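Every chain is numbered from 1, with letters handed out A, B, ... down the list of sequences. Just so it is clear, the values below take in all heavy atoms, side chains as well, and ignore hydrogens, waters and symmetry mates.
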Amino acid sequence: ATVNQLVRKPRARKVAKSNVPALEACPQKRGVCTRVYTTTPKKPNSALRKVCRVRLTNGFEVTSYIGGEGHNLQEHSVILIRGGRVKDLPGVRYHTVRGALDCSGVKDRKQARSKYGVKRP
Amino acid sequence: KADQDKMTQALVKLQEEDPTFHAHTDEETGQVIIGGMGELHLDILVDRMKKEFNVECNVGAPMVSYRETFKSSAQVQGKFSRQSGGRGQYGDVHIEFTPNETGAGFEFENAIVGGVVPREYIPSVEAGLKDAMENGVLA
Amino acid sequence: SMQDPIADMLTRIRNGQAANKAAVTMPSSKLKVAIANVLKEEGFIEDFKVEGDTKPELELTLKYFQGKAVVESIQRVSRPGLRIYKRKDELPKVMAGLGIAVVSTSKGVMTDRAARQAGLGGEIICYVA
RNA sequence: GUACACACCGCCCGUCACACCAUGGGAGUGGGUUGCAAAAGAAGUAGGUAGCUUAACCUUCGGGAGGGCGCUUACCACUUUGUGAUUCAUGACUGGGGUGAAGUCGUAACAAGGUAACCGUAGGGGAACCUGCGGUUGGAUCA
RNA sequence: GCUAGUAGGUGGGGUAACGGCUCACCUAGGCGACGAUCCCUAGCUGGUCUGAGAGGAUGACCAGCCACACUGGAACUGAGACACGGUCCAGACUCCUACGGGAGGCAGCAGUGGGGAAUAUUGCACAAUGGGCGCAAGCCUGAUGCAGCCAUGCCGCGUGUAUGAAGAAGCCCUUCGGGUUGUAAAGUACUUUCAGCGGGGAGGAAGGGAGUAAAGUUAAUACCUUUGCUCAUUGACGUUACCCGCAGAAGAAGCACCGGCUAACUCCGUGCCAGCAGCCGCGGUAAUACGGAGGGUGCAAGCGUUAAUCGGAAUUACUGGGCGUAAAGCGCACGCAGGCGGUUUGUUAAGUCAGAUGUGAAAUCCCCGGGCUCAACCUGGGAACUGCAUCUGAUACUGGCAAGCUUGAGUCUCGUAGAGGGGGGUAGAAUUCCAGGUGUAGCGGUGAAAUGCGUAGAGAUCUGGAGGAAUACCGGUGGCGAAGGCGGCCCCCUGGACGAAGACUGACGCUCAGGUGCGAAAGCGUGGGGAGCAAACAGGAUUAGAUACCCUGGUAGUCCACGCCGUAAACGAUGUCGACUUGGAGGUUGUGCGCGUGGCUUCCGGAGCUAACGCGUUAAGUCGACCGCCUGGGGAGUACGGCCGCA
RNA sequence: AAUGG
Ligand SMILES: [K+]
Ligand SMILES: [K+]
Ligand SMILES: [K+]
Ligand SMILES: [K+]
Ligand SMILES: [K+]
Ligand SMILES: [K+]
Ligand SMILES: [K+]
Ligand SMILES: [K+]
Ligand SMILES: [K+]
Ligand SMILES: [K+]
Ligand SMILES: [K+]
Ligand SMILES: [Mg+2]
Ligand SMILES: [Mg+2]
Ligand SMILES: [Mg+2]
Ligand SMILES: [Mg+2]
Ligand SMILES: [Mg+2]
Ligand SMILES: [Mg+2]
Ligand SMILES: [Mg+2]
Ligand SMILES: [Mg+2]
Ligand SMILES: [Mg+2]
Ligand SMILES: [Mg+2]
Ligand SMILES: [Mg+2]
Ligand SMILES: [Mg+2]
Ligand SMILES: [Mg+2]
Ligand SMILES: [Mg+2]
Ligand SMILES: [Mg+2]
Ligand SMILES: [Mg+2]
Ligand SMILES: [Mg+2]
Ligand SMILES: [Mg+2]
Ligand SMILES: [Mg+2]
Ligand SMILES: [Mg+2]
Ligand SMILES: [Mg+2]
Ligand SMILES: [Mg+2]
Ligand SMILES: [Mg+2]
């Protein structure tokens with residue numbers, strides 16, 4: 001680009017879109033579970049990972065991963081979601097915060113308890 | 001459906017105000033069931049939701065989850081074969097479905113003799129049955 | 001078409017040094033002769049000579065050291081497309097002083113060193129190191 | 001030569017089936033903003049003055065001056081009407097796209113890939129594609 | 001494209017004042033590609049965050065400025081308002097009522113409901129600072145000073161110190177020997193911050209009073225004022241900061257992580273499950289990756305996670321990037337605006353440069369110092385604020401102006417080569433067809449066949465005729481053209497290029513958004529033409545199938561005139577112009593004297609360049625001018641909108 | 001110069 005060309009049209013930056021649009025620049029967001037189900041990961045991984053469609057207070061419905069082993073989440077449950085995609089689950093871009101609101105902590109957890117909402121044993 | 005959101009909030013508040021008022025969702029039927037100390041009680045609660053909470057709701061008899069069972073004992077063979085397109089898949093199993101004592105539950109028996117069915121495939125056989133039994137065989 | 005004769009001179013010098021040419025010739029001009037004088041006094045060129053009246057021709061005799069061109073670099077700074085004028089405080093230091101920068105000042109075409117002493121800035125013609 | 005490297009028992013394309021996501025079109029349906037053409041005219045201010053009334057000044061003591069009220073006009077807010085523009089939401093149904101199984105149908109490309117491939121265009125066909133016309137080498141082969 | 005009080009003028013009115021501010025009249029202006037108008041978004045700044053910097057992001061708290069006060073209007077009063085806690089009108093909404101009528105505006109401080117992931121007490125004092133009123137005393141002050149809550153941040157500190165080895169127990173590992181946990185423990189000495197208890201006790205307090213004396217004051221020594229002097233008092237915080245004593249180690253450690261990136265590894269579960277996961281990836285018989293345990297590592301009253309900004313990212317490259325094959329040269333050209341421009345003299349000084357002066361709030365940042373026990377924090381001074389004005393100079397370059405000059409560019413004179421273009425005419429070969437003759441059973445086709453053709457005489461051969469399309473050989477890394485393209489021969493009209501030797505003009509140039517023109521094939525419209533060929537279509541084969549490839553047929557089209565379409569791997573995948581930089585071997589077309597000197601072109605190759613391949617005086621080398629264009633793969637050159645088209 | 005491997 002010549003200076004004259006740049007005079008006519010300046011250098012343009014990038015949009016830099018977010019990977020967590022539903023949060024709307026918020027650390028966490030409350031929501032209600034519309035369907036708690038399981039899905040299979042894409043190749044090469046293999047399992048039955050647990051997910052839940054959740055309608056946010058902002059009015060966005062998004063699939064959020066329920067981390068840990070076992071969950072007390074049923075339909076019509078008030079949960080707090082946060083940012084964090086699941087690489088092998090296409091579409092899942094959010095993670096439920098265990099131990100906040102209805103969502104209970106992972107039972108029988110002795111490591112990384114803070115990340116699974118488990119009080120000090 | 002718009003009221004459903006408001007209904008949730010309404011139930012929470014009502015439950016806090018009145019101890020004897022209870023609300024829960026039956027997982028099987030996927031139905032929120034309200035509990036009270038009488039017809040008059042629940043009537044008042046419902047009307048309060050309709051006005052104060054502005055949630056138009058309709059009450060009714062709680063749906064009942066039914067189960068099924070086999071009345072007769074029979075031996076049946078199940079066979080699969082798919083060689084139509086490229087890779088071929090085959091499997092055959094001879095199973096006897098006998099009525100179990102009520103309450104005992106599913107009791108899969110591996111009576112395979114001479115390894116006619118490979119040991120590795122036997123767990124899958126049970127898994128297949130369990131999944132099929134989870135689904136209705138009648139209604 | 002030709003729109004920068006100074007850069008043409010600088011290019012001929014650089015191309016000459018690479019081709020190990022004894023001397024380069026070009027159409028003469030007051031500014032070219034001015035710059036030639038600067039290079040000669042700094043010992044970047046051996047000597048220069050202008051011949052002709054109707055069409056004066058400037059011949060620059062190039063100097064090589066240990067079989068290596070004395071001029072290692074000669075880059076035009078201010079160009080027709082982008083003129084560059086620096087103040088005396090903003091004067092550049094080519095190769096941390098080891099190289100020279102030809103600056104056109106009101107008092108005349110001179111090195112960055114000369115201009116800095118005289119307390120005069122101006123158009124930075126080129127950097128010769 | 002090559003798009004192969006558990007190395008041609010390689011790699012690899014599209015339809016159809018199923019699931020899911022985002023999205024275009026869509027009789028329309030509900031909002032926001034706004035243009036133009038009008039209508040309207042509270043309060044206030046200014047102007048004028050049918051009438052009505054009046055502390056300070058003047059006066060022949062009657063009045064006069066001046067003021068107020070009232071009325072009227074101009075400006076103008078709400079509001080109203082018609083007709084456009086724009087934007088947002090939503091819509092029976094419909095088009096293509098993306099992702100996912102280990103479904104089905106073929107094998108189009110990669111070797112000359114078994115009809116070299118590809119580009120523009122036209123016609124045709126379940127699909128990958130096929131055929132014509134011109135162009136390109138980003139084809140191999142020559143003993 | 002926009003504008004009609006619009007743009008300007010004249011006069012009057014109006015304002016504190018200038019002014020289309022307003023009005024009458026006159027003129028037809030004004031604005032806009034240096035982006036008007038319209039649409040979307042938003043308080044601005046000092047500053048904050050990030051960055052080496054240039055920048056990027058951002059504008060809570062602090063300070064300056066602006067705007068706003070239920071919503072939409074409007075004045076009034078006043079020095080000042082079109083006024084948070086004023087008025088009037090209208091509206092929305094709420095409230096009180098005796099139902100006859102009234103009332104209200106937390107975007108002041110608390111506080112409530114609601115919304116949300118989420119943000120605190122309906123606190124104390126006017127002691128201090130500051131403000132209103134007043135003669136003063138004083139009064140008012142949710143300003144302000146303090147207190148409350150919150151790990152929300154920054155900073156400081158404590159949770160002990162020393163000793164303590166068979167180093168116990170236990171745990172864990174184990175090579176079943178030991179080892180590790182680990183001086184860690186226990187034990188033995190020992191000090192108590194901080195906490196708690198009790199005791200003592202700064203500074204923020206200056207003033208204002210009562211007066212008492214002096215001076216002034218004037219008639220007065222009155223009064224009052226001023227300055228000394230005396231005396232009693234003036235704190236919310238506050239049970240203050242801080243100091244002393246008290247006894248006791250008491251009352252004080254958590255969180256994440258250990259496959260690599262990246263500091264920290266084993267055992268045992270689980271067995272592509274259950275799980276993990278920033279990225280790469282792990283998990284199907286032990287998995288330092290999951291689950292749990294031991295041990296280790298990093299941080300610490302915090303530790304993680306999520307969100308967010310900048311950096312790293314030279315990944316929008318001004319600093320500081322690219323376009324032969326990776327994304328990227330418009331199909332080609334002309335040309336306006338624009339950008340840039342050869343050499344000389346004078347002149348100006350616009351840019352540029354120098355100096356002076358004014359300004360650039362404070363705070364903040366930085367530096368050097370102080371005060372807080374230290375730090376955080378507070379404070380003195382300086383530097384800085386990179387800028388913007390103005391005045392006086394310099395004038396090299398750039399710009400302007402004037403006069404120039406050939407070297408760029410162009411004109412004229414002469415000659416040469418060419419499938420350059422447009423129009424018309426004509427020749428030969430061949431195919432097909434038509435008519436006739438001769439002649440007899442095959443012909444034709446394929447990998448092999450078949451369909452098809454033929455005794456209703458084919459095919460072959462000969463003669464005559466018809467019509468359309470294309471031009472063998474020459475012919476070529478030949479030539480010509482901006483590109484697309486252009487090939488029998490002849491005539492007519494016309495473009496460009498190149499060479500030789502002069503003359504002439506005098507920078508007249510280069511590039512070019514927009515714009516305009518040209519632009520293979522296919523296609524489209526109208527009217528012709530139609531031999532051959534051939535999309536579609538039909539039949540025969542092939543094949544598992546064969547909407548194909550092959551065979552037999554065959555229509556549009558291919559041709560012409562005129563109009564439209566505007567695209568191709570329209571490719572050298574290489575924009576145009578100019579200058580410069582080793583060689584060798586060829587093709588083609590001039591010119592001079594076997595040797596030269598021009599134009600164009602092919603191959604090879606040096607330096608250099610390149611990721612490599614390669615390119616290499618016809619650059620992809622070295623530079624300058626200008627234009628176009630790119631910023632992961634898909635989605636997609638698609639959707640929508642506009643423009644164009646008969647489609 | 002069959003076709004599929
Ligand atoms: K759809
Ligand atoms: K093909
Ligand atoms: K084609
Ligand atoms: K006006
Ligand atoms: K307002
Ligand atoms: K650059
Ligand atoms: K021009
Ligand atoms: K000058
Ligand atoms: K035909
Ligand atoms: K261009
Ligand atoms: K993308
Ligand atoms: Mg729609
Ligand atoms: Mg009125
Ligand atoms: Mg193929
Ligand atoms: Mg092929
Ligand atoms: Mg090919
Ligand atoms: Mg076909
Ligand atoms: Mg071509
Ligand atoms: Mg705003
Ligand atoms: Mg950058
Ligand atoms: Mg790059
Ligand atoms: Mg490319
Ligand atoms: Mg090109
Ligand atoms: Mg100047
Ligand atoms: Mg000049
Ligand atoms: Mg000619
Ligand atoms: Mg054509
Ligand atoms: Mg055919
Ligand atoms: Mg044919
Ligand atoms: Mg194109
Ligand atoms: Mg191209
Ligand atoms: Mg041009
Ligand atoms: Mg080469
Ligand atoms: Mg398109």
- With the side chain of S29(C) defined as its heavy atoms from C-beta on, choose the nearest nucleotide among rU344(E), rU622(E), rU99(D). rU344(E)
- The sugar of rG439(E): north or south, by the sign of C1'-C2'-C3'-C4'? north
- Base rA579(E) to side chain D4(C), donor-acceptor N/O within 3.5 Å cut-off: no
- Query: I125(C) near the nucleic acid: base, sugar-phosphate alone, or nothing, with a heavy-atom cut-off under 4.0 Å?
  - Reply: nothing
- With side-chain contact (heavy atoms from CB on, under 4.5 Å) as the test, would you mind laying out the steps for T111(C) and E41(C) before giving the verdict? CA-CA 10 Å; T111(C) 74; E41(C) 82 201 1; 3.8 Å; yes
- Message: Pairing check on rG271(E): which nucleotide meets the Watson-Crick or G-U wobble criteria with it, both distances under 3.5 Å?
- Response: none
- Item | Inter-nucleotide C1' distance (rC533(E), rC498(E)), Å rounded | 44 Å
- If you sort sugars by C1'-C2'-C3'-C4', with positive as north and negative as south, where does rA120(E) go? south
- Query: Whole Å only: how far is the CZ atom of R76(C) from the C1' atom of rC340(E)?
  - Reply: 13 Å
- Write down the distance between CE (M26(C)) and P (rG408(E)), rounded to a whole number of angstrom. 17 Å
- Query: With a non-hydrogen cut-off below 4.0 angstrom, is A12(A) in contact with a base, only sugar-phosphate, or nothing?
  - Reply: base
- Message: Check whether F106(B) forms a cation-pi arrangement with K130(B) (NZ or CZ under 6.0 Å from the six-membered ring centre, at most 45° off the ring normal).
- Response: no
- Taking atom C1' of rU305(E) as reference, at what distance in whole Å does atom CD of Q28(A) sit? 8 Å
- Query: How is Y37(A) classified with respect to the nucleic acid when contacts are heavy atoms under 4.0 Å: base, sugar-phosphate, or nothing?
  - Reply: nothing
- Task: Scan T54(C) against the nucleic acid and name what it touches under 4.0 Å (heavy atoms): base, sugar-phosphate only, or nothing.
- Result: base
- Message: Quick check: any donor-acceptor pair below 3.5 Å linking the side-chain of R49(A) to the base of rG275(E)?
- Response: yes
- Message: Regarding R12(C), tell me which of base, sugar-phosphate or nothing describes its non-hydrogen contacts under 4.0 Å with the strands shown.
- Response: sugar-phosphate
- Message: Using the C1'-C2'-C3'-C4' dihedral sign as the criterion, classify the sugar of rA75(E) as north or south.
- Response: north
- Item | Sign-based sugar class (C1'-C2'-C3'-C4') of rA213(E) | north
- To the nearest angstrom, how far is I6(C) atom CD1 from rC580(E) atom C1'? 15 Å
- Query: Counting only Watson-Crick or G-U wobble geometry with both distances under 3.5 Å, does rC524(E) pair with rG563(E)?
  - Reply: yes
- Can you list every side chain to side chain donor-acceptor pair (under 3.5 Å) pair that touches residues 20-38 of chain B, not counting sequence neighbours? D18(B)-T20(B), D26(B)-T29(B), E28(B)-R67(B)
- Query: With a non-hydrogen cut-off below 4.0 angstrom, is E90(C) in contact with a base, only sugar-phosphate, or nothing?
  - Reply: nothing
- Task: State which of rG355(E), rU352(E), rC627(E) makes the closest approach to the side chain of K88(C).
- Result: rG355(E)
- Query: If you look at every strand shown and take non-hydrogen atoms under 4.0 Å, does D108(A) touch a base, only sugar-phosphate, or nothing?
  - Reply: sugar-phosphate
- Query: Across all strands, who's sitting opposite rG139(D) as a Watson-Crick or G-U wobble pair, both distances under 3.5 Å?
  - Reply: none
- Message: So, with the rule that both contacts fall under 3.5 Å, do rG594(E) and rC157(E) count as a Watson-Crick or wobble pair?
- Response: no
- Is it the major groove or the minor groove that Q3(C) touches, counting side-chain heavy atoms under 5.0 Å from base N or O atoms? minor
- Does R11(A) get its side chain close enough to the base of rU631(E), under 3.5 Å, for a donor-acceptor pair? yes
- Between CD of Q17(C) and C1' of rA607(E) the distance, given in whole Å, is 15 Å
- Task: Take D102(A) and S77(A) through the side chain to side chain donor-acceptor pair (under 3.5 Å) test and state the conclusion after the steps.
- Result: CA-CA 6 Å; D102(A) 302 0; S77(A) 297; 4.7 Å; no
- Give, for atom CD of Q17(C) and atom OG of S73(C), the distance between the pair rounded to the nearest 0.5 Å. 11.0 Å
- If you look at every strand shown and take non-hydrogen atoms under 4.0 Å, does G16(C) touch a base, only sugar-phosphate, or nothing? nothing
- Message: What is the distance, to the nearest angstrom, from the CZ atom on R120(A) to the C1' atom on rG302(E)?
- Response: 13 Å
- Where along residues 99-108 of chain C does a heavy atom fall under 4.0 Å from RNA chain E? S104(C), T105(C), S106(C), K107(C), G108(C)
- Message: With a 3.5 Å cut-off and heavy atoms only, can you find an N or O donor on one side and an acceptor on the other between the side chain of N15(C) and the base of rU622(E)?
- Response: yes
- Name the nucleic acid region contacted by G70(A), choosing base, sugar-phosphate or nothing; use a 4.0 angstrom heavy-atom cut-off, strictly under. sugar-phosphate
- Message: So, taking the atom named CZ in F53(B) and the one named CG in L45(B), what distance separates them when rounded to the nearest 0.5 Å?
- Response: 9.0 Å
- Message: I'd like to know if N45(A) reaches the base of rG281(E) with its side chain, counting only an N/O donor and acceptor under 3.5 Å.
- Response: yes
- How far does the P atom of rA249(E) sit from the matching atom of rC237(E), given to the nearest Å? 39 Å
- Message: A side-chain contact here means heavy atoms from C-beta on lying under 4.5 Å apart; do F21(B) and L11(B) qualify?
- Response: yes
- If you look at every strand shown and take non-hydrogen atoms under 4.0 Å, does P10(A) touch a base, only sugar-phosphate, or nothing? nothing
- Message: Strictly by Watson-Crick or wobble contacts shorter than 3.5 Å, is anything paired with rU426(E), and which nucleotide is it?
- Response: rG488(E)
- Message: Any base atoms under 4.0 Å from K50(A), or only sugar-phosphate, or nothing? Heavy atoms, all strands.
- Response: sugar-phosphate
- Query: What does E69(A) touch in the nucleic acid at a heavy-atom separation under 4.0 angstrom: a base, only the sugar-phosphate, or nothing?
  - Reply: sugar-phosphate
- Message: From the set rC397(E), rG339(E), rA293(E), return the single nucleotide nearest to any side-chain atom of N4(A).
- Response: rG339(E)
- Heavy-atom side-chain proximity of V12(B) to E16(B) below 4.5 angstrom: yes
- Item | Among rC276(E), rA307(E), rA354(E), the nucleotide that comes nearest once only the side chain of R87(C) is considered | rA354(E)
- Query: Rounded to the nearest 0.5 Å, what separation is found between the CE atom of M7(B) and the CD atom of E56(B)?
  - Reply: 12.5 Å
- Message: Short of 4.0 Å, heavy atom to strand atom, which residues of residues 15-23 of chain A count as contacting RNA chain E?
- Response: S18(A), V20(A), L23(A)
- Measure from the side chain of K87(A), starting at C-beta and using heavy atoms only, and say which of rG283(E), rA354(E), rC280(E) lies closest. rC280(E)
- Task: Name the pairing partner of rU547(E), where a pair is Watson-Crick or G-U wobble with both distances under 3.5 Å, or state none.
- Result: none
- Query: Looking for any heavy atom pair under 4.0 Å, which part of the strands does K14(A) touch: base, sugar-phosphate only, or nothing?
  - Reply: base
- Is the base of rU54(D) stacked on the base of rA55(D), in that the six-ring centres lie under 5.5 Å apart and the planes are under 30° off? no
- Message: Partner lookup for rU122(E), please. Criteria are Watson-Crick or G-U wobble with both distances under 3.5 angstrom; report none if nothing qualifies.
- Response: none
- Task: Grab the groove, major or minor, that holds a base atom under 5.0 Å from the side-chain heavy atoms of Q111(A).
- Result: major
- Message: Heavy atoms only, 4.0 Å cut-off, all strands: where does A1(A) land among base, sugar-phosphate and nothing?
- Response: base
- Any-strand Watson-Crick or G-U partner of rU461(E), both distances under 3.5 Å: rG437(E)
- Decide if atom OH of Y64(C) counts as having more than 12 heavy atoms of other residues, nucleotides or ligands within a radius under 6.0 Å. yes
- Query: Where does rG177(E) land, syn or anti, given syn is within 90° of 0?
  - Reply: syn
- Got more than 12 heavy atoms from elsewhere within 6.0 Å of NZ, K9(A)? no
